[PDB]
């Protein structure tokens, strides 16, 4: 095809796989036909095991078919390992002087090169604080509410080292959203920081944590709080709250040097990550130890073709799966040199990421289509002042990338001497599932291209629910297990089977897709009422619930709409009680309610008042198709109105939307 972009010659010569698609397809075919041997050989080559699994030929067991029994997946069962030891200890002493993180703060005068040796010291100190001052035991839950600073990685690895289970709460979440997660995960300890800064905006962290802990205490939980000094005179509750500096001082000197490793079974839980579904409140996706460890690290190495002479920079936050797999765990297990950045691409100005690229000789950069589009809007002058000669791989994650942004990323940001890895995956898959690999994969802008090693995607007919062969469009599903797959939903396996295994034999992704005549996949987006807003998965029912907590609100309906920067924006239709004085202030207060309940990531982009009411059937069900079409200006595609109790409303909905948009 004419839209194919060939991999660069230089990347082809460097590739772990090889210089042409045949090289990839050789390994892929083996990884499907000899799936157990493939993963056993990868596992043996790339990771330390205290104890190996008993049989290379059977490293997985599973059931994808509800009629046979409960759904389950296990990998490397019988093996013993530790994630911290693989990310940190095994790299010493040879690499003690290698940089692990080139850290930069929001303020560009705040910088630190943190070596693997220094990370070991930091992690050993914290692990001992958790063990001997908090009595954190194997399997206990620990919450993290942290900015993108070295201590965030340190805390994730320390918890891994002692077998604690982390649940990371994105620093953008509100106090109520943090509290809900702490309660549901039953965390014994919260680790946070005094505060951070994003651009000119203060990011309170401990002050937010204070309200959240107060909420948890009103519900009878007892949660201790350990606070890192990032910027302060934060309110510290006596007996509950400790400064990390005061904890460090209570360590004996040899506890700055040694902390024993908890040796973990393969299916021991590593972390819980709360994720939005189509219904109900967000639920925690459960990842265990060995299979996730293997999958996240192996995708890191191949999807980005990471070598030891590469310098890697992922712009994603630890509050999301991308920062778990591709900021902390994956990169450090392969002993990568990474850039860790606390701030934003536009502070001090829009050259900031390019200043980081040139300063640290970044060769692999992993970011999001929404960020690329904002840089595009900002103007190319902010890119072209920077030396980009070291870049050779650029990655895109979290939402579909339009052809214009792809081309701009590669030919402006990467100066035309870069391969682009558009990686499709989700929280539930642990790691990349469909992705280009640099040097060996011809690229089609906008396509994730081919399945990762060991992955068998399919297109299911939305009607017949069987596999469709050849070029086809339908539901994207995976027909076989891979080591990184989530093992359950915390406390709700029933919902897990319902959500992902409604079609016996398959993992249902929740995404739509088209596979073309070359076998390349094109992901079309969620097929359920889940939005991807600036790359962030968020459920429409959660936003409606938050909107409806305002006392003036009678009812709301939330839909996504196309957005030229964010990919998808948040559109709110709502009705107020009779007599309400509707002003921009009131609308702003309803937005603030959403931001208090959830956080700024859920901020409504458009608020439309249904002066006559929402379109509902005679049974009271809101007809969401009308609202989706109206919010997108697709006035001609509204569809059926014959089941509306109130067909009079349709004219107003269009009229008002035209007024606004």
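Superpose the two forms; the largest set of C-alphas matching within 1.5 Å is the rigid core. Numbering follows the first chain given and starts at 1.
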> Core-aligned, which moves more in 4 other deposited structures of this protein: 629 to 637 or 48 to 56, by CA RMS?
Replying inline: 629 to 637
> Following superposition on the rigid core, is the mean squared CA displacement, expressed as RMS, greater for 8 to 16 or for 645 to 653 in 4 other deposited structures of this protein?
Replying inline: 645 to 653
>> What about residue 578, left without coordinates in a third or more of the other entries of this protein that model its neighbours?
In response: no
> Among the other entries that model both neighbours of residue 232, does it go unmodelled in a third or more?
Replying inline: yes
> Is there a break between residue 231 and residue 232, and how many deposited residues does it span: none, 1 to 3, 4 to 9, or 10 or more?
Replying inline: 1 to 3
>> Per the record, averaged over C-alpha atoms, which has the higher B-factor: 245 to 253 or 70 to 78?
In response: 245 to 253
> Comparing 572 to 580 with 400 to 408, which stretch shows the greater average C-alpha B-factor in the deposited entry?
Replying inline: 572 to 580
> Of the options 439, 430, 330, 446, which has the highest CA B factor as deposited?
Replying inline: 439
> Among 454, 567, 470, 395, where is the Cα temperature factor highest, going by the PDB entry?
Replying inline: 470
> Among the modelled residues of its chain, does the C-alpha B-factor of residue 624 lie in the lowest, middle or highest third?
Replying inline: highest
> Which third of the chain holds residue 420 when residues are ordered by C-alpha B factor: lowest, middle or highest?
Replying inline: middle
> Split the chain's modelled residues into thirds by Cα B-factor; is residue 227 in the lowest, middle or highest one?
Replying inline: middle
> Should residue 311 be placed in the lowest, middle or highest third of its chain by the C-alpha B factor in the entry?
Replying inline: lowest
> When the modelled residues of the chain are sorted by Cα temperature factor, does residue 463 land in the lowest, middle or highest third?
Replying inline: highest
